[PDB]
Each structure stands twice: as C-alpha cells, then as structure tokens.
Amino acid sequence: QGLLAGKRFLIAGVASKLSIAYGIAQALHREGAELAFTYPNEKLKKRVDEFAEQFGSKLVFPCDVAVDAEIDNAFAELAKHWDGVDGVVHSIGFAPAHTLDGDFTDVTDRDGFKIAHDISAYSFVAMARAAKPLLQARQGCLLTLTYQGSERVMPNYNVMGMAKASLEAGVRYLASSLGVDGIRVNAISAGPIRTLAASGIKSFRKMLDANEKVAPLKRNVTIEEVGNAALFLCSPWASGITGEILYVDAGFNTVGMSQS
C-alpha cells in the first residue's frame, strides 16, 4: 500500500529496458499501481507483452499512433478490461533518421516534417482524445515526454525541436481543454539519456560528455529520476499542477555558458 495503491496507468512507449517509459512504469508500479501497455506492431508484441508481466500485467495492446483506428481500438480494447484510469503516459516520439543527421534546412523535407509532427506531436492529442473517456472516470492525468531542444537549438535535433515545441503547445492546449474534467495534463523536459532513441547519432557520446560538463549537478539524469518525477506528476501530490513542463535535466536548462 504505497502512494499509487489502487491506481491504474497505461504506459505507451516501452521499447526496451532503457526506454524512459520503463523507469516510469517501474516507479509507478513500485508505489502499487497497476499498468497497461501498448506496442507499435507485432515485432514489439512479445517484448511488451512480458514487460507487462514484469509489472503484474497481461494488458498488452497493439497501438500504432500513425493509425487512427489502432488508437481508438487500443482504447476500445482497454475499456474492455478497465473501468477507468488514473493516468495515461505518452512516451512516444519519432522522426525519419535522415532529418536528424545533417543541416536543418537541407534534410528537412516535407515528408520528414510530416512524420515528425504526426507521431511525436499529434499522437499525444489523438491518444488524449481516445483516452478522454477513461481518464474522466477517475480524474486521471496525462503525461508526455518533451525535450528542451524545442526551446533551444541543439545540433542534429532539427525537426524534432519543432515537434517538441508543438508538443509543448499541445500540453498547454490539452491541459486547458481537459482541465475542466479534473484531468491534469503535464510534460517532463528530461535531460539527455542514452536510450534506443540514441541509435544512429554519431555525436551522442560527445554530447553526453558535454551535458555532463554543463549540468549544475555535473551528471546526466536516469530513467529512475525521470520515473520518480513522472510518478509524482501522476500522483495526488501533483494535484495542483497542469500544463507544466518540468525539467528533469539536472538544471542543465538553466546554464547560459560554462567554463570552456
């Protein structure tokens, strides 16, 4: 009987044990919560399926946010199992890798632009919509994962900075739209962490050595710290907070410039 004793949460975005969604579910489950999970397609089905079993869960549903139907169906199927929900966790983001390696103006084609904002920004809205009925039942909350690359230019993040900026806008518009139903909508601007989202980025290690050099805490954050922060926002202790972007980056965002 911890903090989330009796609470339910759906965790979309578990791709590996390094995924941020993993540390969240772990932190949430640690406090007594019951978890549900989605996977983008069959290839991930079996992996997410027993990630669920780690958390005492057998609720694993296919949800490709690119498909409108999959979203509603994934929530249709979930309505079949659960009465309501105390929160939905959206840890999804993607852009064609070519748009993230090279010059912004060059690699940012129309299609690469379309994909980035659809999967990474609109999905949180489409999910929030399909998830709205179940969230109201328990005055649940909504949580997404953003990155300060929306507010500040990082090399090679490119259209993902545009997407995250759009996402952050959606959080405010969702929190404002869903605030009347007791549904808090918040986001976490988490520091850089080497997950499966770092594959293909040749500069990452230098970037990590760099973030380590600038962060006020002189270190990079972990999915546990992120998970605990997510755990808080999804908790009754975070009842008075909506539309907030919380920076779990070791204060990195607050530094103008560091010793050479």
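Residue indices: 1-based, along the sequence shown.
- When the two stretches 112-120 and 72-80 are set side by side, the higher mean Cα temperature factor goes to 72-80.
- Higher mean CA temperature factor, per the PDB entry, when comparing 43-51 with 23-31: 43-51.
- Remark: of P96, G170, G161, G179, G179 shows the highest value [criterion: C-alpha B-factor in the PDB entry].
- The PDB entry assigns its highest CA temperature factor, among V153, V125, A187, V107, to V107.
- Ranked by Cα temperature factor within the chain, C234 sits in the lowest third according to the deposited record.
- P62 sits in the highest third of its chain by CA B factor, as recorded in the PDB entry.
- Among the modelled residues of its chain, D209 has a C-alpha B-factor that falls in the highest third, as given in the PDB entry.
- In this PDB entry, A250 carries a Cα temperature factor that places it within the lowest third of its chain's modelled residues.
- Annotation for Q136: CA B-factor lies in the highest third of the chain's modelled residues.
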